[PDB]
Amino acid sequence: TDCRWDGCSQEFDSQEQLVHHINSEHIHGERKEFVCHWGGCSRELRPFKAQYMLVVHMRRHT
Amino acid sequence: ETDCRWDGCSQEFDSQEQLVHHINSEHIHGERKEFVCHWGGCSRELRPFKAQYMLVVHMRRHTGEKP
Ligand SMILES: [Zn+2]
Ligand SMILES: [Zn+2]
Ligand SMILES: [Zn+2]
Ligand SMILES: [Zn+2]
């Protein structure tokens, strides 16, 4: 019944609430994770909170 | 400098400009082709799915939701 989506502190009473939460916030909600999938990147797939930060980060690989 | 290492991409280019344009066009602003499960302790280890529907079915392993 508790959310373990990295960055999420949400705890619930029931499976049905967790299911609705994950669908609402983490699947269909505003995208808040922007991962660099560059092979050997020292971030190790740790997400940025905004696309702009990923764009700036890509200058390090190019 | 010239070659893309974006997970599941092996485009190689002649110039830095070509690589910069490729990354922006395909990996930043292109159709999304990576769907990561950020569930703590997930055995996938943040390895991406190709499609949103695949992440949706995968979530039922963390929730226990019957299909
Ligand atoms: Zn959550
Ligand atoms: Zn990176
Ligand atoms: Zn690429
Ligand atoms: Zn998972």
Side-chain angles (χ1 to χ4, degrees):
Chain A
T1 64
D2 310 333
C3 192
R4 297 254 295 186
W5 194 269
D6 291 346
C8 194
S9 339
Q10 292 257 66
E11 287 186 346
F12 303 101
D13 295 348
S14 68
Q15 180 185 71
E16 158 179 76
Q17 291 171 3
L18 178 59
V19 171
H20 175 104
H21 166 70
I22 292 171
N23 281 309
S24 311
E25 296 304 291
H26 300 309
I27 299 305
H28 296 297
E30 172 184 315
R31 181 168 174 188
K32 296 203 184 74
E33 288 101 28
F34 297 86
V35 171
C36 180
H37 290 279
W38 197 266
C41 174
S42 39
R43 291 187 52 78
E44 308 194 300
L45 303 163
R46 292 187 298 108
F48 294 100
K49 276 289 306 217
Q51 179 183 81
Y52 181 66
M53 301 167 187
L54 184 65
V55 168
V56 174
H57 165 85
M58 296 311 155
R59 298 217 159 205
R60 298 208 174 164
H61 296 305
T62 66
Chain B
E1 296 181 329
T2 71
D3 303 334
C4 187
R5 317 211 359 136
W6 192 271
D7 180 9
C9 188
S10 58
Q11 296 272 295
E12 304 200 323
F13 300 93
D14 287 358
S15 71
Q16 188 207 48
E17 270 199 311
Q18 286 168 334
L19 175 61
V20 166
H21 169 82
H22 166 73
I23 293 163
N24 280 312
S25 200
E26 300 296 321
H27 301 318
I28 304 304
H29 297 292
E31 195 194 69
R32 178 172 180 185
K33 312 261 178 152
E34 296 98 32
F35 292 86
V36 178
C37 180
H38 295 280
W39 193 270
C42 173
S43 59
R44 297 263 310 171
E45 302 157 6
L46 307 162
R47 288 173 42 245
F49 291 98
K50 292 285 162 75
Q52 184 179 75
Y53 77 79
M54 300 170 183
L55 178 60
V56 171
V57 303
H58 171 82
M59 268 321 106
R60 294 181 194 137
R61 298 192 159 187
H62 297 309
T63 67
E65 187 195 10
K66 82 145 176 85

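Reckoned from all heavy atoms, side chains included, excluding hydrogens, waters and symmetry mates. In what follows, chains are A, B, ... by sequence order, proteins preceding strands, each numbered from 1.
- Going from atom CG of B:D3 over to atom CG of B:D14 covers 9.5 Å, rounded to the nearest 0.5 Å.
- Applying the salt bridge (charged side-chain N to carboxylate O under 4.0 Å, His left out) test to every pair with at least one member in residues 55-67 of chain B, sequence neighbours left out, gives these pairs: B:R60-B:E65.
- For B:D7, the side-chain contact (heavy atoms from CB on, under 4.5 Å) test picks out A:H37, B:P48, with sequence neighbours left out.
- Checked against side-chain hydrogen bond (donor to acceptor under 3.5 Å, both in side chains), B:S15 has the following partners two or more places apart in sequence or in another chain: B:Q18.
- Other residues, nucleotides and ligands place more than 12 heavy atoms under 6.0 Å from the CG atom of A:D2.
- When every heavy atom of B:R5 is checked against every heavy atom of A:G40, the shortest pair comes out as NH2-N, 4.2 Å.
- In the hydrophobic clustering, A:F34 connects to A:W38, A:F48, A:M53, A:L54, A:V55, A:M58, B:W6, B:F13, B:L19, B:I23, B:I28, either directly or through intervening members, whenever side-chain heavy atoms lie under 4.5 Å apart.
- Taking a 6.0 Å sphere around CD of B:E17, one finds it holds 12 or fewer heavy atoms contributed by other residues, nucleotides or ligands.
- Contacts of B:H29 classified as side-chain hydrogen bond (donor to acceptor under 3.5 Å, both in side chains), with partners at least two apart in sequence or in another chain: none.
- Listed by chain and number, the hydrophobic cluster partners of A:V19 come to none, as no ILVMFWY side chain reaches under 4.5 Å of it.
- Interatomic distance, B:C9 SG to B:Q11 CD, rounded to the nearest 0.5 Å: 5.0 Å.
- Under the rule for a side-chain hydrogen bond (donor to acceptor under 3.5 Å, both in side chains), the partners of A:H21 that lie at least two apart in sequence or sit in another chain are A:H26.
- Residues satisfying the side-chain hydrogen bond (donor to acceptor under 3.5 Å, both in side chains) test with B:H58, not counting sequence neighbours, are B:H62.
- Residue pairs that meet the salt bridge (charged side-chain N to carboxylate O under 4.0 Å, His left out) test with at least one member in residues 19-33 of chain B, sequence neighbours left out, are B:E31-B:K33.
- The stretch residues 44-54 of chain B participates, sequence neighbours left out, in no side chain to side chain donor-acceptor pair (under 3.5 Å) pair at all.
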